[PDB]
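Lettering of chains follows the sequences in order, A, B, ..., and the numbering in each one begins at 1. Values below: all heavy atoms of this structure, side chains included; hydrogens, waters and symmetry mates excluded.
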Amino acid sequence: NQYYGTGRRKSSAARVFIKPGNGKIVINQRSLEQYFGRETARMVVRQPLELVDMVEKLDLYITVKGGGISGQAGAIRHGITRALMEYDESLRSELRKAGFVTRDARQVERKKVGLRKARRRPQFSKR
Amino acid sequence: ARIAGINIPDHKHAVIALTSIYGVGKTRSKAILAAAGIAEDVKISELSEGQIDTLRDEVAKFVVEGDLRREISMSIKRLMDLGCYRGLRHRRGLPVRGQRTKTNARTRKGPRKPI
Amino acid sequence: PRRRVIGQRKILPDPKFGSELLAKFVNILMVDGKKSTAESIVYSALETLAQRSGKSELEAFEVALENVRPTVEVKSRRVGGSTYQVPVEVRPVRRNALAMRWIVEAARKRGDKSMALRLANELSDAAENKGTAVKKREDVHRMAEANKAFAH
Amino acid sequence: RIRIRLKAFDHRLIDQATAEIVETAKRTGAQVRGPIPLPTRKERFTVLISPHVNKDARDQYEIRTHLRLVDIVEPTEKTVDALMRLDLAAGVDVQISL
Amino acid sequence: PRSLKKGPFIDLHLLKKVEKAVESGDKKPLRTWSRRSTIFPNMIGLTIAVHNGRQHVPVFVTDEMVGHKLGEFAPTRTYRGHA
Amino acid sequence: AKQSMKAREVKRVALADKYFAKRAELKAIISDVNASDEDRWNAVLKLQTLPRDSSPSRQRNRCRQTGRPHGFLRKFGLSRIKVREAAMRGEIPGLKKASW
RNA sequence: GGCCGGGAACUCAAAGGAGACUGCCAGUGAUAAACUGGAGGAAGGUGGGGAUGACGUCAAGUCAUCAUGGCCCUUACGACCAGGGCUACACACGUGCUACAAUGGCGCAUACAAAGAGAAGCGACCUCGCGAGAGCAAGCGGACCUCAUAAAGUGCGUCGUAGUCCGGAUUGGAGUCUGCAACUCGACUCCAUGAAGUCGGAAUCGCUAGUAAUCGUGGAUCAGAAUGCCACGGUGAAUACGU
Ligand SMILES: [Mg+2]
Ligand SMILES: [Mg+2]
Ligand SMILES: [Mg+2]
Ligand SMILES: [Mg+2]
Ligand SMILES: [Mg+2]
């Protein structure tokens, strides 16, 4: 039956449904090539399935929200990793070593009082 | 290549070339070029005499070049001799539109004068 | 720093070649964070070099990079309160970084119409010993050789 | 159907009121849906703490406004009569709409 | 500037004064403070002293100045030069 | 501030609220698109006659406790100093120092 | 057309809990304190950011937020009104914004955010005008409606190194909006013009990662008047042998 995974990166949240199949990928009612113009996003999306070599045996239905191109792509990678490891636990050792199960916790720092940016200070004059 | 009493370049597109007239900008260039149905992507070097005459007919519809400059002078002159505030600002070579004067205002005053 | 705490940050090989070196070169060429405009120029230059030389697509870049890498540089050291010019060895990562930076700066100062064409010319000259990066490496080498007596 | 909105500045003094209103509307003989946790509103202010100059010294304060929603489907004619004298806590705003 | 539909602006007292002066015949300059009023073709040929902060400056109305304000013919800043 | 400033403020408020309807009516006629030219001129000359302080744009927000004309906050009606002093003694409901 | 009937699985919303504590393994170490590496795990050793500022120093700032001792004026140093000035200009200095271009300008088409405000207010659809805007007029005290289409990005074409199809300062003409009232002295739109500027001497500044750099969005003040201030997201670097 359907297996489910979720992924979060930056302000981006994505949910992935994985089923046994032949290699069909749908992302928001659009093809894989119709959504990501940059090939880097496509590569980072296809990283884990290629690493496990389950490319042509599974079907993927994916939904995304929030963030930008890179954040959404990272969320896709995280969600695929979580769904695949949910399907089979024997790959628990592998997906972790590839640096995918760890959730990227980096975020955007706020603006502080007296500074033009998070850390940029105004120009300083001694005399 | 003789429009409105001046020579015009030959190797550029029509929209770029016609703006060289004093009083004709990009919008005016497009209006004239479309009023006679000539494309924007043709060099005036390769173009016939009849449509040059039509272009002259269409550009003869405005006060351009010297015939313009004349009234501009009076548009200033009447301001200067009347004695209004703008006339005084014109006489002294100082800004007229109420800008800063404690600093800047180089364009209306010129390069700095050492004492 | 005073603490010796910092470390190495992971980098992703470029998609269509899987080479970390190309990734680093693209980062060095990147400005304003507009990466997508950087690998376009890099790819155009690489394909133009590949078709001009006809040797390969990746080996020409490696040979040009190897032609420029230096092995000695000059720093300052002191024993009795007087500053010197002392020659020191260069680690391989520093060699690659210096070579790439020199190539980029040499490329940025030319009179062509595109940046990719400038890159093609500079990598070609480096592979055939005519670029200004060769002059930089030779000048560094000879300044290091001149101050040889101070080598402890 | 009767829906009721509840506003308060604190998230404890409103939960008790919500519980008491839902439990008292249960007894009259109707069915109740909720409560619904709704997003809170945060309003932030910043002021200067020096009485003269010293621009870069400021305090930042905030006010949080909570929000809850409850519904009653097919009520009793006595449910409204019971709710007209519930005597909620002082510090909670209650809005009823049919 | 001002909207075209609203029309020109003038003060009531100044308008009454100038209409009475024109009806009664040409007279001495009219002393006034309202620099924000507009000039009218009715006011042609008359002399009006207008305040400028400390004094009243006489101005003689000519035909060419119709359309402007009374405050544009009486300056308020004194300047001769530097050093 | 001075007492005269507050007196002027209150007199301005009173005069402004006295003439709400007449000023609204005259402004409505002036802004109208289809009206007689002489009617518009007479309405302008009549609106010009009413006292200046009746305009609601002559008022300046002032602190309720001190009268300061700077650093005003509409939500509270007090200047920054007064707002801080009142808020740190727990006299503004629900207000507390923020952090995120 | 989540459009409808439906469903409580998922995202999410707002309340309560679990988890990270040198906990476990190996080594060194004075058996300790502690340090180094490893397992496991979303997170490992202060996980990231904030609030929190000891006793005191500079007779530091503020008698113009407010309060207050002493001194000073009382048909005036108190009070009212109109107009003007705080916006001046041979000059020097601090902090910023726009540029001097091809990693770019211009035209057409096409995607992806967060956070916040609204009743004397936000104001949709439709019609009019090239545009600023105007007429008529629903909804909204709000996970409902309005503000309000994100931009850089991608595809195609053109420009081909020129003070230019870079730059938009200055000036003339015609207008819109707020307000009794845009002359001194407002903001915005259209047409016309098209200055200095080709990367900056002696010197000097900020920054260690989602940071620098770069692109957009909102709020307070406020009838009208941000390149400033306070906040929010998109893309996303290089280097640190050592004291
Ligand atoms: Mg940022
Ligand atoms: Mg502490
Ligand atoms: Mg002192
Ligand atoms: Mg002092
Ligand atoms: Mg006054």
Query raised in the report: Looking at G:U28, is it paired to G:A34 in the Watson-Crick or G-U wobble sense, both distances under 3.5 Å?
Result: yes

Query raised in the report: For E:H51 and G:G83, do the ring centres fall under 5.5 Å apart while the planes stay under 30° apart?
Result: no

For [N] and [M], measure between their [atom1] atoms and round to the nearest Å.
N      : M      : atom1 : result
G:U62  : G:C81  : P     : 33 Å
G:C106 : G:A209 : P     : 37 Å
G:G173 : G:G201 : P     : 43 Å
G:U149 : G:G210 : P     : 36 Å

Query raised in the report: Mind telling me whether G:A92 is syn or anti, cutoff 90° either side of 0?
Result: anti

Is there a Watson-Crick or G-U wobble partner for [N] with both distances under 3.5 Å, and if so, which one is it?
N      : answer
G:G45  : none
G:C81  : none
G:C97  : none
G:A213 : G:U235
G:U189 : G:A174
G:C229 : G:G219
G:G50  : none

May I have the distance from [X] (atom [atom1]) to [N] (atom [atom2]), rounded to whole angstrom?
X     : N      : atom1 : atom2 : result
C:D32 : G:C215 : CG    : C1'   : 10 Å
D:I36 : G:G142 : CD1   : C1'   : 15 Å
B:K77 : G:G173 : NZ    : P     : 16 Å
F:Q48 : G:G179 : CD    : P     : 17 Å

Requested in this report: Select one nucleotide: of G:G234, G:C12, G:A231, the one nearest the side-chain heavy atoms of F:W100.
Outcome: G:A231

Specify whether both conditions hold for [N] and [M]: six-membered ring centres separated by under 5.5 Å, and ring planes at an angle under 30°.
N      : M      : answer
G:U164 : G:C165 : no
G:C86  : G:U87  : no
G:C100 : G:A101 : no
G:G131 : G:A132 : yes
G:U221 : G:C222 : no

Could you list the protein-to-nucleotides 115-117 of chain G atom pairs, N/O on both sides, closer than 3.5 Å?
unit_1 : atom_1 : unit_2 : atom_2 : d
G:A117 : OP1    : D:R41  : NH2    : 3.4

Query raised in the report: Do side-chain atoms of A:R103 reach the backbone of A:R8 as a donor and acceptor pair under 3.5 angstrom?
Result: yes

Query raised in the report: Nucleotide by nucleotide, 5' to 3', does protein get under 4.0 Å of the base (B), only the sugar-phosphate (S), or neither (-) in nucleotides 192-210 of chain G, counting heavy atoms?
Result: SS-----------SSSSBB

Report summary line: Output for pair (B:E40 CD, B:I16 CD1), nearest 0.5 Å, gives 9.0 Å

Query raised in the report: Rounded to the nearest 0.5 Å, how far apart are CZ of F:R68 and CD1 of F:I81?
Result: 5.0 Å

Query - Aromatic E:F9 / basic E:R2 pairing, under 6.0 angstrom, 45° off normal - result: no

Check nucleotides 64-67 of chain G for protein N or O atoms closer than 3.5 Å to its own N or O atoms and list the pairs.
unit_1 : atom_1 : unit_2 : atom_2 : d
G:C66  : OP1    : F:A1   : N      : 3.2

